[PDB]
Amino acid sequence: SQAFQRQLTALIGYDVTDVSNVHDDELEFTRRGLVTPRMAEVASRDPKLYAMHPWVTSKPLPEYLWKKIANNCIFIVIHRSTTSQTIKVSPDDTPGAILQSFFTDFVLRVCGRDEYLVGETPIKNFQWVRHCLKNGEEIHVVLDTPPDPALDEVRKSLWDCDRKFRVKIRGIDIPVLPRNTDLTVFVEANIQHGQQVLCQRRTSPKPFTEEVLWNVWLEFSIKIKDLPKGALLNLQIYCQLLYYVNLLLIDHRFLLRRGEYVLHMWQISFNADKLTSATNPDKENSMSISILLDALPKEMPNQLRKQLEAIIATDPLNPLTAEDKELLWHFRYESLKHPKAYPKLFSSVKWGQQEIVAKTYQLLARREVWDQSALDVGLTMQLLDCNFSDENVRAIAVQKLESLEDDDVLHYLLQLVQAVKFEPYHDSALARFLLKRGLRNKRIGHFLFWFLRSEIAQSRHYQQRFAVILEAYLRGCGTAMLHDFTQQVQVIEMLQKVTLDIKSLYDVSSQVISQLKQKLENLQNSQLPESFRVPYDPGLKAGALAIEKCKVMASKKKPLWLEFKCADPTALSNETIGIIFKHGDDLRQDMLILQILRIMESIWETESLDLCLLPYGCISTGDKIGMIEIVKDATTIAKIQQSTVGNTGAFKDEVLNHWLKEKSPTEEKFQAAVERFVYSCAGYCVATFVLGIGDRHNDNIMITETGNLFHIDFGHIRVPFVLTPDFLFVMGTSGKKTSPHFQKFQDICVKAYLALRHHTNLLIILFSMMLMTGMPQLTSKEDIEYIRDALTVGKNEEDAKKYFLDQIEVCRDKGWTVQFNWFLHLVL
């Protein structure tokens, strides 16, 4: 089993047995603590359903999809060898019903995909079916034998200390210091709990040298017993802020931190990295600090009610005053009757006092209203952010998540994984939760893998914790998937090498095109796996490369344009699988943005609205490097312009409509392309405005020959958004005018906008989290408070409607101005 731990390590990209960077045994302890949850989920999953991983949903079929059906008669073409026959099926009839309705043990696998139509669920509740109906595609399935469940086989007293807590600051040491002669530095020690500072003590400013000694006893104002579980000893060096490092004061065994510590610190407000209990691995170049330290048990007046309700009604980002907190607390039993008051109520708690925390735990023991309340993801997410370090509080959040069906877990998987960074300890209810769902479902497990590996590869701050979690998963996912992952990682590594090697050698000369195709030839020949799963789409199995179609794109970061053949013989079309390999950008920012877009879509699904967004696949695999899905038949908006007038930025209003008339043959399809455009344009206008990324160069905007608009390059990020005159022309308008299509556009936008405001809290918390865990450069107070204004928090539906309509009018008044300006900067 020695080559087994080796296998996991090479699959993880980090050695979880390496104890070189620890000052305790929390990590190793967590490895053991996860064994039970690991085996408890492996021994309780249905082998058959787990092997076929049916992808289903319990949500009602949207309205725009019901009208796609004729007589409640959905046609399903079945194949078995070379023959084939169609069948009329009831949307409410099970796959089993269809089976007996066919013969009148075999299962219905989807053609070309590793997807299965199995289980006791209506045919209308399969994602693949809903996908087909939406795209007007025809459902084709092949009849073959169920996968062998054998292939999944798995390898067999603190409260008696009244003393004021204190820490001795021996000094700070650094091998080599910056060439900035010569500043002064002091050490600032904070006792934190959920980004809430309980006490703060500094040292005296000393001359900045490679060795600074203090030997100073910093005595805090907080007693030892009043120390809460999860409290952090935050040590920071100023000059302003240069270094930081954290130390849990209460360990994973409820023991008060004791003894000597030499901690290596991180170099440089609301960043999630600043919360980590991990120390800097680089011991030879990093700043170090030396400290010294020397078990934990387990009727209202009318006016006041109005006041409390008003408080409870405010948005998540609305600051609580001292008065507000005192009201919430004093009336905590009434506040408990409102689930939406929980985040605010638990922010009113003084965790710096044992007596209060005790009363708080008494309160939580009375969870009847919370338990019986319906799941509010936005509300549940709020309790898992940086503002809550109490495991009891956070546990009741993870509690409500338990009722999520695999469908919704996939919706919030990425950000749930990111929320692990907010956990005080490596072992958490959230961590075990992700682990559980990952083992219960292959699709969730697949993406869990890549999301964790994403962080492990380019995050020294949390790679250790995530490595321990990933290892736990890999020891239960099964032999089959362990093999898949292995193949996937192999091909990725090989391709990333080629990407970097190519980038080294603006024009794409022949010497590079030859070298690329040359390199790809060497790999495909006895060096590359014959087949592998597409990481951003586990259903697809890629095969051999199409070297003829492979190229280096004309961008300054020289991304690889790759094309594969579907390794599945039963595949219908002969289209290639397109993947863009790129180094230079942080694709983690793209993942989050795209994930948010998918969330905005499902939200619109609840309102029976359908904006035709194109949230393509984008997986971050390493440092400034990852893969992208290639959308077929798509070109840049700016490129459609460059066709007529390339060099100069002399943009013309009509080109777009011409380009569409050209790429559609029947004129009927042209109208379907225009309508598709009007919707896709509306959605991307609304979604982009809310996220504050609407001001882009139309080179970062693309369109499908079918009229499907969609943005790209979100790493890179005046007008509210992009509504240029050429788009407007396709809508049948130019200046002081209108159109049957423009009236439509304005209608769909207001619908979409008002629909998102119905999930304000949920968007706010996701946006806030996005900045803190994914965008190190965008983590200020005002950076997050943008989305409040964007969603017009605390406004009438009418006002908001007009507010956005004004934003639209701003695009009309600007015309090509901002685009032309983009043309001067980006182009020149």
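A residue's number is simply how far along the shown sequence it sits, counting from 1. Just so we're on the same page, rigid core means the largest C-alpha set that superposes within 1.5 Å between forms.
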Q | Between 145-153 and 735-743, larger RMS Cα displacement in 7 other deposited structures of this protein after core fit | A | 735-743
Q) Fit on the core, then compare CA atoms: does 779-787 or 44-52 lie farther from this form in 7 other deposited structures of this protein? A) 779-787
Q. Are coordinates for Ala650 absent in a third or more of the other compared PDB entries?
A. yes
Q | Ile717 not built in a third or more of the other entries | A | yes
Q | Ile717 to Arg718: deposited residues without atomic coordinates | A | 10 or more
Q: Could you tell me how many residues of the deposited sequence sit unmodelled between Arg179 and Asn180 (none, 1 to 3, 4 to 9, 10 or more)?
A: none
Q: Take the C-alpha B-factors listed in the entry for 10-18 and for 804-812, compute each mean, and give the stretch with the larger one.
A: 804-812
Q. Which wins on mean Cα temperature factor, 60-68 or 787-795?
A. 60-68
Q: From the list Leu304, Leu379, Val357, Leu523, select the residue with the highest C-alpha B factor recorded in the entry.
A: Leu523
Q. Per the PDB entry, which option out of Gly352, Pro665, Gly578, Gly683 has the greatest Cα B factor?
A. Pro665
Q | Lowest, middle or highest third - CA B-factor, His759 | A | lowest
Q: Would you check the entry's CA temperature factor for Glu26 and let me know if it's in the chain's lowest, middle or highest third?
A: lowest
Q) When the modelled residues of the chain are sorted by Cα temperature factor, does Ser510 land in the lowest, middle or highest third? A) highest
Q. So where's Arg432 on the chain's Cα temperature factor ranking, which third?
A. lowest
Q | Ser768 - Cα temperature factor, lowest/middle/highest third of chain | A | lowest
